[PDB]
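Just one chain is shown here, as structure tokens, and it is the form deposited in one PDB entry.
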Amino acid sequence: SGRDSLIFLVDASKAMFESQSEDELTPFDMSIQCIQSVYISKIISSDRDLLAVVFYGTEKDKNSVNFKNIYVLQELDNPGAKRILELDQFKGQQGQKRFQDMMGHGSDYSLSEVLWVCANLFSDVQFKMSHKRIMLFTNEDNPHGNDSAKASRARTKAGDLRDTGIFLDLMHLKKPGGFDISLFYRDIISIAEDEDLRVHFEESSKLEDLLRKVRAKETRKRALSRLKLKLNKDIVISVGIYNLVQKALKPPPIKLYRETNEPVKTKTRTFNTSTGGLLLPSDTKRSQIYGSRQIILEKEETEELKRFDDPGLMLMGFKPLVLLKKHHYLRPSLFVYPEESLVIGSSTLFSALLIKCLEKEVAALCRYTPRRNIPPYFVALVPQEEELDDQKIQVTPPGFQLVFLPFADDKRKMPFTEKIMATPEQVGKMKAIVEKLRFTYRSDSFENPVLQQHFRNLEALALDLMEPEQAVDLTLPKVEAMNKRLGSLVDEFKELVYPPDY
């Protein structure tokens, strides 16, 4: 396990090229752009998965066993520059033209053969399996409504693939008259027992919605740790800790041999200056110099002076949410979810605690020790209710926010300041400015400029092309538009506030 496999299955029928509204993207272009975005995300995150793009409904074919109307554009391999370049070549109006020219659209297909080809693609991989997943990008809800023999074979093959271990997922796009899953699917797609019976994604009509749905349902959640939440010494339940936010760093360079470019796997050794031999871990000590005094301790005691409590979460009490201050932020929050695989019955107690904490508007003050020999921090478990948007995408998971609370040592002093108030007229003018400069904020509305520039340069270099073209930063304010929107309010505010001499 550890190397997930994902196959992108894109329909190539005629309906995937009608755009209706002239200002809306073609569903085919939506699919291509979503796949290319997934590739970019995988390379940026440096995540080693296997991805494949397959088209069905074409006249040309490239699959191993020469079935009809199944082209394997890309097999299972790590993402790279040339695959993304080819997908970009399929993008747009000219991309659609060249796609149709090189792989015609509109033909008879059978879903059983498509799923068989995908299963063969999964089998052909040598570097283990872990999670196997297929995604359908279609806008036809009844593909074999006129051939019951094909439909039964399709259901049988889908059941066989699901039994093998492959997870089938649907990415149904906007269709005139709505998309109905209950017609043909719900007998093919994978349903996670009773937890995922209802609450299915709605049909996608815009690129961002489809991208969010694709990213939400292919990323396996990895837990940082699996701690124990103890109400007291007896009642202990098992929880998982997650990092829903994490700073994205620019990958450091790797060392490669001149003879063959490959990782080196560096090692560290301890050597003695005089003897020139290896040093045992018990043949050295730790020192600290204070003024002119040397304080000597062994490694075990250095670890022992940091040991307070066993790892886990210890409940200290319950505190009203109004007592938590927004300006006391210390370090990024974590997420706490129940774990049933370690302690049985943890989920029921977790659910009851969440329900009652939400009802009473209270947070659980706890003591937090991540691992062994670490001094504790005080944390607040703030209850968090599940929230879905109009596309039924989970924008807020149910569980607990682990909020780190500062110590007295982390609170710094402010200098003395004389309070100067502003007259109501100045406040009114600034209110007018604020109203004229209003927008809507989303958590995913800005991109890191340094990372984007770095990866654009790397992409240009890996393709052996010339210098790329710099892009305008999206975190830099648009001063001109702001000035036109504000008008003479700035001048009037300056007249009221700023003295003429300064």
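Rigid core: the largest C-alpha set superposing within 1.5 Å between the two forms. One-based numbering along the sequence shown.
Quick note: we don't show the form deposited in another entry, though the next part is all about it.
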| item | value |
| --- | --- |
| Sole residue of 368, 335, 185, 350 shifting 2 angstroms or more in CA between this form and the one not shown, core aligned | 185 |
| Core-superposed C-alpha of residue 386 shifting 2 Å or more between this form and the one not shown | no |
| Exceeds or equals 2 Å, Cα of residue 411 between this form and the one not shown, core fit | no |
| C-alpha of residue 64 off by 2 Å or more between this form and the one not shown on rigid core | yes |
| Sense of CA distance change between residue 214 and residue 460 in the other form, threshold 3 Å | closer |
| Distance direction in the other form for the C-alpha atoms of residue 445 and residue 217, relative to the displayed form (3 angstroms or more) | closer |
